[PDB]
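J.: this block holds the first chain(s) of the complex, placed as they are in the complex; more will follow:
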Amino acid sequence: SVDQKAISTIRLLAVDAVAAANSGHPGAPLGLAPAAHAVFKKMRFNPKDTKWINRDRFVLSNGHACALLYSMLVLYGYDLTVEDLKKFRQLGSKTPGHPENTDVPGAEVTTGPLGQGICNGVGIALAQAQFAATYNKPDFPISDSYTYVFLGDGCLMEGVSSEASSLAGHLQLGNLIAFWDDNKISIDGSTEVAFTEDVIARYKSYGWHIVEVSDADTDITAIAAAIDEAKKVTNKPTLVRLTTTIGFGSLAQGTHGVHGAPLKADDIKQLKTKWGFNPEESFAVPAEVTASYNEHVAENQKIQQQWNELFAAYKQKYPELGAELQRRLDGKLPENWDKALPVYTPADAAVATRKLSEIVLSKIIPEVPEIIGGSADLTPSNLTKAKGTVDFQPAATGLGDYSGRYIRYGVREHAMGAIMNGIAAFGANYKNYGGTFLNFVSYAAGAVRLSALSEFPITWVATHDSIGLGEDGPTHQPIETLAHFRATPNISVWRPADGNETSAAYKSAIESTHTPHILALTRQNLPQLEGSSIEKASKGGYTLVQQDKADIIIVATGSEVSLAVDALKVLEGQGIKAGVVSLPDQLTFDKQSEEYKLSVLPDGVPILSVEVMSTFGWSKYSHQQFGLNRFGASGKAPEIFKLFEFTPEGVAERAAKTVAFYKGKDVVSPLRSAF
């Protein structure tokens, strides 16, 4: 049949792509081609408009199987061709070895690191539910799309998927339909060696619906029926168990050897002949398959055409909501939204930056409907919920509504991070955030790195940033954390010192379209600084205290800026004139012009950095570094600062030693380099 021919085409495109690269993963593509065919036939999408907001989304969580995804995209006429498939895994191609949303049309997210994609799918589905609850009206199903996820045994072993699956079940996300490639093979061989749990029983325990397809190597009727069944269960996410043979059709089917290396040439020949293809030909695309797939595309395009008319009618019937929706689909924030950002003066009281963050959120959430967010069981500590908002929960629970704006993630940092990526991936200008203690952002490193690689504007509200948290002690006190994330490409790591800097950090985080943000915020109160403003802090680094005859400049962040200002006064009594630079975000600063940066960190003066955590990275901006390169301590925070000499006198002593060390030396800016 044409469907059988399409499945064979998919299988053979994937195998031929792996063969041409002499690299990659043929096994799962062979096993999942029937399911991919069936799912894409049920999906609504436009290959010519990858951003249609009511499209169904597909996520390949087992991203190593991407030759399958690329084959589907090529067959459906996305902006990806057979010539691109021939360049699978080749430098610069549109067909990288794992899918990247920035590079691959039709890749919703970046997968490959196992477990992430299913969590991203949870976030896409969460966003769709929130979006539909916000905009849909009687006779106006603006949003009614599904989220389809393929995942394998490896994703099911990764703890992040357990976190997200528990939460998705709790949230009753009935438009999420996941498909488990139950092939009983991973890299180390049979799943009997390490993965003998009853997966189905576990998913039932989370509140998921289950459909089992016992012969998913051939039974596309049953796969389609499983989708239909899943769509009837509106209050549970569904897991479809696809019992498949890894590498189906290969001489090596059902073995670990077919997972992750190219097939032998003779194996490819026998695949082709038993499926009616020419064993001498590669990258064959039968025109009847193209015709069948084109029919589905044309039908989907007529569905989108009708959706566009529905949207036009919605704008007439609901003028305010329609204009809001249009603005969001255009990627634009509300005009002058930033006038809601709080502004402070040096006469205002000291405030912890976690509390300043609460105040910002309280002002901007009512002004910017596309902001949603939550916390990983730290709501009253991170201060992430605006008073008067309702939680995102299924209304059946009585605990919230899908129109709610605040997500109770539970103690699930890693899944929170990957769910945030999925919310961003949904689109519609969502600007979403997640709170935890800074030290436990590290639990989510796998997802955070993907936020950076995927260019998603997510925000971590990362409170209790240092030894300033005090008594909880060294298991809770960051040392390495900012260095880790600052060393990751494309992460803005804001460590605001005061009220104006906290508003600048949020302005950056909410305006972002391609860069994730981490906001490192204090437990403890900090003074409002003389010289701070949103305008200056928006440059990422700025001169707080200018001293034209400086003997030294002290560059600091966060809680240490006020310390530097106090040290400047001690130094004056020692006959040393200091300037102060505040560096609330190194990435934003780095992006400023060379001339601006040199105005902040000039030649001809020693520069000392002060920040109560690792000194890594700081030599970009300073000649000498005063940091904390050992673990912390359990005690009252002021006593810990005293112990480690992060006091005005301790900073002054090191500043004086720095001045002494450079006597008789020629000093150029740390910004200079040889290449």
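T.: Thanks, I have it. Residues are numbered from 1 along each chain as shown, chains lettered A, B, ... in the order given.
J.: and the end-to-end length of stretch A:539-549?
T.: Taking CA to CA, to the nearest Å, the span from the opening residue of stretch A:539-549 to its closing residue is 24 Å.
J.: pull out the buried positions in that stretch.
T.: A:539, A:540, A:541, A:542, A:543, A:544, A:545 (16 or more other CB atoms under 10 Å). Using the backbone N, CA and C atoms, a C-beta is placed for each residue, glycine as well.
J.: what's the answer for stretch A:497-509, then?
T.: Applying 16+ other CB under 10 Å to stretch A:497-509 flags A:497-509 as buried.
J.: off-centre distance for it?
T.: For stretch A:497-509, the distance from its own C-alpha centre to the chain's C-alpha centre is 21 Å (CA atoms, centre = their mean, to the nearest Å).
J.: what comes up buried for the strand or helix carrying residue A:202?
T.: Counting by DSSP states H and E, the element that carries residue A:202 is helix A:199-205. Using 16+ other CB under 10 Å as the test for burial, helix A:199-205 gives A:199, A:203.
J.: C-terminal to it, what's the next element?
T.: For helix A:199-205, the following helix or strand on the C-terminal side (DSSP H and E) is strand A:209-213.
J.: what lines up beside that following strand in the sheet?
T.: strand A:238-243 (parallel) (DSSP bridges).
J.: contacts for the partner strand next, please.
T.: Residues from elsewhere that reach strand A:238-243, judged by CB atoms under 8 Å, 6 or more residues apart in numbering: A:32, A:35, A:174, A:176-183, A:199-200, A:203, A:208-216, A:223, A:226-227, A:229-230.
J.: try it again at 6 Å.
T.: Applying CB atoms under 6 Å, 6 or more residues apart in numbering, the contact partners of strand A:238-243 are A:35, A:177-182, A:203, A:208-214, A:216, A:226, A:230.
J.: just the buried ones from the residues you listed?
T.: Buried among those (16+ other CB under 10 Å): A:35, A:177-182, A:203, A:208-211, A:213, A:216, A:226, A:230.
J.: add one more, call it chain B:
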Amino acid sequence: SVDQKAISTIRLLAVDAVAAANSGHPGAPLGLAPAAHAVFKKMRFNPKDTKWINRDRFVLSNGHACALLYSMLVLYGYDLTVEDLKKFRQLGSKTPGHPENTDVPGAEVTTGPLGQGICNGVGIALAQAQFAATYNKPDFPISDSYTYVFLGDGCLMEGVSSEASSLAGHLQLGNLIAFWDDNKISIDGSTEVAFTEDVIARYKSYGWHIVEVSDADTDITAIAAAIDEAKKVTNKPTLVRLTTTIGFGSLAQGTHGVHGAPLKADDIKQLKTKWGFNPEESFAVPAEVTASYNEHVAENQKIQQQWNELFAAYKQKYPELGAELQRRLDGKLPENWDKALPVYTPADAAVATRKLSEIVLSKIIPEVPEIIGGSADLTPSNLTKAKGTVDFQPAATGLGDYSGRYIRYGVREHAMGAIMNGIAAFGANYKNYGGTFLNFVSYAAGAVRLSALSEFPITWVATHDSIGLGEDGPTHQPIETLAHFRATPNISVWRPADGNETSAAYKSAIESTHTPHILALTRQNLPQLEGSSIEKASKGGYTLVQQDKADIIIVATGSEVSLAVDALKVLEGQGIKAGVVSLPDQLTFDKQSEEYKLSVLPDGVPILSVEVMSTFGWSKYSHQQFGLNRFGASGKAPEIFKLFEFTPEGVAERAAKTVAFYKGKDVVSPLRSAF
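T.: Chain B now in position relative to the chains above:
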């Protein structure tokens, strides 16, 4: 009764400790005191010998509840007193706000970061099973101890605990007995807001046995009976559901407010009077409670006395095994074990450092019985299994035996990391390792940081270290990873360049007693270097190519050392004389004498670092840094190196620019500093 009085004593010590600190967590201690009393009465331990190898182990995974643990340790006469309890959460005390194994006698592991302790318990139990299988003989139950773990809702939400619980069920770890504090309250309030899964059904799906105790606020008979029942189920770990009231007895019992802040003074008064204590007194220890607990200690000490005689008889009956066991309990490796380390010459073939690692393991595993390890589903990629070894599996599976030495962790990096910590915590000189790709060590950051804080000699075999892995692309290629771990205190991060350096890295990792190791290893082949040796590489950094008239020194690691040597030849043709330093471990290097370090990185010569990942940290050792501060690419590895100019010519160009940049300048070693 005296048991009731003991439970009240525990509760009130914990509340009084929190009160004195005006900080900490009274709720879970109040709820878990009956269970703690019951469990410690069943446990075999010696407060005067915390390292008795056949002790039962206790782990408080909900580490915020540590006022409970400290109260137990004080009451049982560990080296912790009421005076220490009065200093709970105070700087420098033996009672920090979360338990630290380095600081607290009777704390087996460092907990506080949720989810870790239960995984550590899995590792303690895994080690006990392996140890017993190795040493026990008929009439000689050298090892027969249990592992008791307390955990709460937060631990059950963290994905790492799902990973470890799936694996523990698979491994049939019948001497593991965990207790869930089922109190339905977390920081964000009721668990109904985020955690509605059927936990018991999930644990059954993993193959655990379940016992439910419906009134764990009072029913110590049922808690004791649950332990007895668990001990009869020898082929499943057991989860005991303790249905408790958080803060039991407090006016605020059953509320989130009792989780994490001191009780009100009037609340403490009413607690004391209803339990028969003096509301005017704090830190009361009734002598009858001390007497009862002392009776149990005395019985346990007689059990250990008899174990010592059993061990003496074992040494006579099994002379070889007895001497091996004695050596391990003394903390000593086999005499001259390191003579098994492979040694290479520059005439030997190029080899990937992952393969060199395989060869090391193949030589040392037969020589050092306390080495065990595994991989997170990457055995044929990391090359972590020695041929001829058997896997650690329950014999009932037919897939291995508990005497086996190789662990199939599955796709569970985070749990692998925390399980490794538990294996180390067991003691008996275990030197254990875990393989994954370097980029996915990041999934386990929560546990890795705890390896460092806990001072455990665990080893990550972290292969595929860079863009040198090629086609899998940027989702797999480390950039920030070494900077992250090097910025963490107390992590040795070895990046060996060749065969001799790989042997030095293992010598360090296996000899370690207090420092975790990460071995960053290549996919791709590297040449054997002229000038390398185990002796020199053991210094962490060394002069590979000495040039007395150097215009520049190039410092490099791993795959970039050979690149630097090739660049030296290009530079010679440009009239520039270079030296080369290899820096296989920055931590080990840092620990050398100042004079040694200056002999490697002298004054008076520009120093350029070369390493194909983040430049963070490198200014400790260099004036200029050539690194990779952007994400990678999917293609053949040599083409990626060419793209980023990590070629002999690209390094030479930057070296020449470095020489030019320092013309006319006075250059001092990067090792110099102002303070």
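J.: what about the contacts of strand A:238-243 again, now that chain B is present?
T.: Contact partners of strand A:238-243, identified using CB atoms under 6 Å, 6 or more residues apart in numbering or on different chains, comprise A:35, A:177-182, A:203, A:208-214, A:216, A:226, A:230.
J.: so what touches the helix or strand just after that strand?
T.: The element immediately downstream of strand A:238-243 (helix or strand, assigned by DSSP H and E) is helix A:265-274. Helix A:265-274 is contacted by residues A:15, A:249, A:250, A:251, A:279 when judged by CB under 6 Å, 6+ apart.
J.: of those, which is the most crowded?
T.: residue A:15 (27 neighbours; other CB atoms under 10 Å in any protein chain shown).
J.: ok, that residue touching residue A:27?
T.: No. Residue A:15 is beyond contact range of residue A:27, at 9.9 Å (criterion: CB atoms under 6 Å).
J.: SS state for the residue of the stretch 1-150 of chain A found nearest chain B?
T.: Relative to chain B, the nearest point of the stretch 1-150 of chain A is residue A:91 (2.8 Å; CB to the nearest CB). The three-state assignment at residue A:91 reads coil, by DSSP: H, G, I helix; E, B strand; the rest coil.
J.: need the residues of the stretch 51-200 of chain A near chain B, please.
T.: Proximity of the stretch 51-200 of chain A to chain B (CB under 6 Å from any CB of the partner chain) is limited to residues A:89-91, A:96-98, A:112-114, A:154, A:157-160, A:162-163, A:166, A:170, A:186-188, A:193-198.
J.: now chain A against chain B: closest residue?
T.: residue A:159 (2.4 Å).
J.: so what's that residue closest to, chain neighbours aside?
T.: residue B:159 (2.4 Å; CB to CB, 6 or more residues apart in numbering or on different chains).
J.: how close does the one you found sit to residue A:612?
T.: The gap separating residue B:159 from residue A:612 is 30 Å, by CB to CB, to the nearest Å.
J.: residue A:115 too?
T.: In terms of CB to CB, residue A:115 sits 34 Å off from residue A:612.
J.: looking at those two, which is more packed in?
T.: residue A:115 (30 against 25).
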